[PDB]
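What follows is a single chain, given as structure tokens, in the form deposited in one PDB entry.
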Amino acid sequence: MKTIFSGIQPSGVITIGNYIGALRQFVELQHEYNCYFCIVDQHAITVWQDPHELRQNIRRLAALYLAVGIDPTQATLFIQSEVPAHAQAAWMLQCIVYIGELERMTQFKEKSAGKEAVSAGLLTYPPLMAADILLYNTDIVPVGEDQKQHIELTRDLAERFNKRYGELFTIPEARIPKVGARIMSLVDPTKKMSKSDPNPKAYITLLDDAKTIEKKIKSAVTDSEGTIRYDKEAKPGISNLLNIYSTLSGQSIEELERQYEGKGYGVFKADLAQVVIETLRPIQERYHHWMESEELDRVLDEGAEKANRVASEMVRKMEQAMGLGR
């Protein structure tokens, strides 16, 4: 079958935006493709990380991947740092990307703005993501819209490498959801929902309790038009709530507008909050189970084993093509 790769940074906050744009796709596609799902701890360190929190966040994210339903008999779940090939291929790709290509990355630009002394990993974040995808001969990379540009640079590098050294890499393609590719902040629906928003009301974490989810959904900024209809430009707040509702419930945006015909924001938010609770509760129960189990470590051990077998071989072919080593 075709191969899928995708990764998530281990951090203190994993949002419903991460779930809807990514994790939901991973669970959907796992049985139909060869799947590698990575905990990108080397990318995490492109900004300072408290070492104790980083180690815990890596375990947390592995638990969340398993809690949402990633099945180790269907997919390979592993930690980026435990497969040396990622670092090795990243170096090779860094030698073929131009500085100007990295500087124009929007992710870099945003993460480094108003900064005084920027750390180099932030700039070289792309070749490492490109190595993550290309090591596995990846065909599809399911992500939310914010990663599209990185995937576009990955395709540019794979093409450049193939052209200079011979056809080695598969040119990967992004798979971005139709609805929910970009879940927006509940506090300012013109902004993406971000793990690092300083306002905790902007996002819902996958570990938010029921009272908390109710409070954040109820406080979500809307409009004065009291109509439940999708219109991103005119009604960003309601439109974003409709995307969250649709993707989590399985109901179309049309279905939801009909259902809420003549209805006001109060009932709509109460219902949505319950749909979020319904979704997160089981995830959280499974999450705690994994966090307390020795099996979490076993799953990651096996996934690293498989990923190392494949990636190490691609690295050998890349070295051979560039004429490194012997």
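In this text, residue numbers run from 1 along the sequence as written. Rigid core here is just the name for the largest C-alpha set that superposes within 1.5 Å across the two forms.
According to the PDB record, 255-263 carries the higher mean C-alpha B-factor of the two stretches 272-280 and 255-263.
The PDB entry reports B-factors from which the mean C-alpha value can be compared for 149-157 and 116-124; the larger average falls on 116-124. Note on the listed residues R164, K211, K109, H86: the highest Cα temperature factor in the record is that of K109. You'll see in the entry that, of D197, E82, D231, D132, the Cα B factor peaks at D231. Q42: CA B factor lies in the lowest third for its chain, per the PDB record.
Among all modelled residues in its chain, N308 ranks in the lowest third by Cα B-factor. For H289, the recorded CA temperature factor ranks within the highest third of the chain's modelled residues. Split the chain's modelled residues into thirds by C-alpha temperature factor. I183 is in the middle one. When the modelled residues of the chain are ordered by C-alpha B-factor, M1 sits in the highest third.
Quick note: we don't show the form deposited in another entry, though the next part is all about it.
The residue that stands out in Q88, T222, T76, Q80 is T222, the single one whose Cα moves by 2 angstroms or more between the shown form and the other one on a rigid core fit. In a rigid-core overlay of the protein, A131 has its C-alpha displaced by under 2 Å between the shown form and the other one. The Cα position of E292 differs by less than 2 Å between the shown form and the other one after fitting on the rigid core.
After superposing the rigid core, the C-alpha of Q251 moves by 2 Å or more between the shown form and the other one.
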